[PDB]
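Heads up, the chain below is alone and in the form deposited in one PDB entry; it's given as structure tokens.
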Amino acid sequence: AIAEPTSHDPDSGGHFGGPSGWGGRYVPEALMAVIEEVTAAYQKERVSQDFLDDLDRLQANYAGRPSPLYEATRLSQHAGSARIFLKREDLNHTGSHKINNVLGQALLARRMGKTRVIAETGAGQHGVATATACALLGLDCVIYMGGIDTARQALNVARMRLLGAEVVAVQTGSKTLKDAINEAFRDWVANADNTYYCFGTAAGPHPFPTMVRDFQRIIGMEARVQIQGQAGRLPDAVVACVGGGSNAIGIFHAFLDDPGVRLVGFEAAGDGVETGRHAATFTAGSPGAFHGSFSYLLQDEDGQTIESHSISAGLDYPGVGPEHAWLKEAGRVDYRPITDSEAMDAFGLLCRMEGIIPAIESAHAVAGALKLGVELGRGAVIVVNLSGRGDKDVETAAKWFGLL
């Protein structure tokens, strides 16, 4: 459904909310030629039937869409007897929602005649998906990953290399997601004429926030149809974890114009929001320009980026996408913190109750859904985006629970 725009789209400059100024392009002039080139190519191909046919063919026969919606009845007793429905993005090829965005952008990269694709990765799921599509389409691929993330997500490093993608370990700064983005940015600036930057979350300069969301909208469109078919009505709440915001905006968007549907994003609170070791951008951050957009970020009084901390590599990011900043300002979505301990408890609970090993990212959403079920009460319908599976996190989780 990418051919038709939305009433929630930004202006030509990538600004959400008019005077608020969320989004935009806070980039060097050296990137503007390729940034305009990607923007124009996306506007051309999003209405091209050949493009849409290729994307749909890959989502069905290659990625495994639609992903199912599963009512986790064994969680209900632990969620105030609410009814928790899991949108099973963990079952996509490569094991997360990232493949949705990557298939779109990889096909676009080939349409533009780019010979080289680069990407950042934190949890390694965007890196694997990108490597996956570059193997499939025959494109050179280089993935940038913080050195700390290469250690705690080592399964995905080896998957990427088996898929024939180069992996560059990033040792600057906090050696995590934001530092991988910094290094890949520098690569794009130097090699813009032949290199496509396949960005993995709903942030960055225009057109990335909108384009990523458009490729992820398929999640919420399926979920909106599936919840009505299974439950007979729209949900009381749709929730998701929020790193940069791609899986959350993907499942939220189809429900934006449903006034009775609560939308709740759950962000990583690490050791606790009062400890200075968290990634809770909305809870503790403030507006600013960062990584190409105007949005929220964790920053000190001079505007220096504060390094984030989370047990989850995929949420360990001090920024957040501008459309979420707009949705928070409008009061359409609420954003709440979930700590390391809360996430890991929900992790174990989902293992023992439902036989689903989730990504630690997605466990933050499950943890918040459990709390929201207690708030909403018996019979409330809550759709949860289960963004990824937890094979990459099995070592961390076994160590956490003493299973070594």
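In case it trips you up, residue 1 is the first one in the sequence shown, and so on.
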Worksheet, complete the sentence: Entry B factor averaged over C-alpha atoms, 268-276 against 239-247: higher for 268-276
Fill in: Segment of higher mean CA temperature factor, 195-203 or 87-95
195-203
Fill in: From 120, 334, 71, 187, residue of greatest CA B-factor
334
Discussion item. According to the Cα B-factor stored in this entry, which of the following is highest: 363, 356, 32, 58?
Written reply: 32
Worksheet item: Lowest, middle or highest third of the chain for the C-alpha temperature factor of residue 217?
Response: middle
Worksheet item: Once the chain's modelled residues are ordered by C-alpha B factor and cut into thirds, is residue 321 in the lowest, middle or highest one?
Response: lowest
Practice prompt. Would you please rank residue 134 by its C-alpha temperature factor against the other modelled residues of its chain and give the third it falls in: lowest, middle or highest?
Written response: lowest
Item to complete: Check where residue 389 lands among this chain's C-alpha B-factors and tell me if it's the lowest, middle or highest third.
Response: lowest
Discussion item. Please say which third, lowest, middle or highest, residue 367 falls into when its CA temperature factor is compared across its chain.
Written reply: lowest
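The same protein also has a form deposited in another entry, omitted here; what follows describes it.
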Practice prompt. Check 216, 382, 199, 180 against the rigid-body motion between the shown form and the other one and give me the one at the hinge.
Written response: 199
